[PDB]
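In the deposited numbering, the protein residues as written are 3 to 91.
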């Protein structure tokens, strides 16, 4: 059940786990900067957050535009799964 409450942060799933944090960040920034100001991009070197990223936009509308635009966009040969970050509560 996807998160549907619009949020300035997008949760991205199903990313290619063979890519170095530093390359993935640079490549996410390249495809997401179009939608507006990115505050940060969180990827981890964990087993908890491996095929997973947070793109934190300044504006919710940036996030909504990035979500619709890039839903299923093939990135390192895998369609990205994008939802809104979980709500404040």
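Don't be surprised by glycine CBs; every beta carbon is placed ideally from N, CA and C.
Exercise for the section: Using 10 angstroms around the beta-carbon of residue 32, count the other beta-carbons present and answer buried if the total reaches 16, otherwise exposed. Expected result: Its Cβ having fewer than 16 others within 10 Å, residue 32 is exposed.
Problem - Burial state of residue 34, where buried means 16 or more other Cβ atoms lie within 10 Å - result: buried
Exercise for the section: Determine the burial state of residue 57: buried for a count of at least 16 other Cβ atoms within 10 Å of its Cβ, exposed for fewer. Expected result: buried
Exercise for the section: Go ahead and label residue 75 buried or exposed: buried means 16 or more other beta carbons lie within 10 angstroms of its beta carbon, across all protein chains shown. Expected result: exposed
Handout entry: Secondary structure of residue 42, DSSP reduced to three states
Key = strand
Problem - Bridge partner(s) assigned by DSSP for residue 12 - result: 57 and 86
Handout entry: Buried or exposed by the 16-neighbour rule on C-beta atoms within 10 Å, applied to residue 78
Key = exposed
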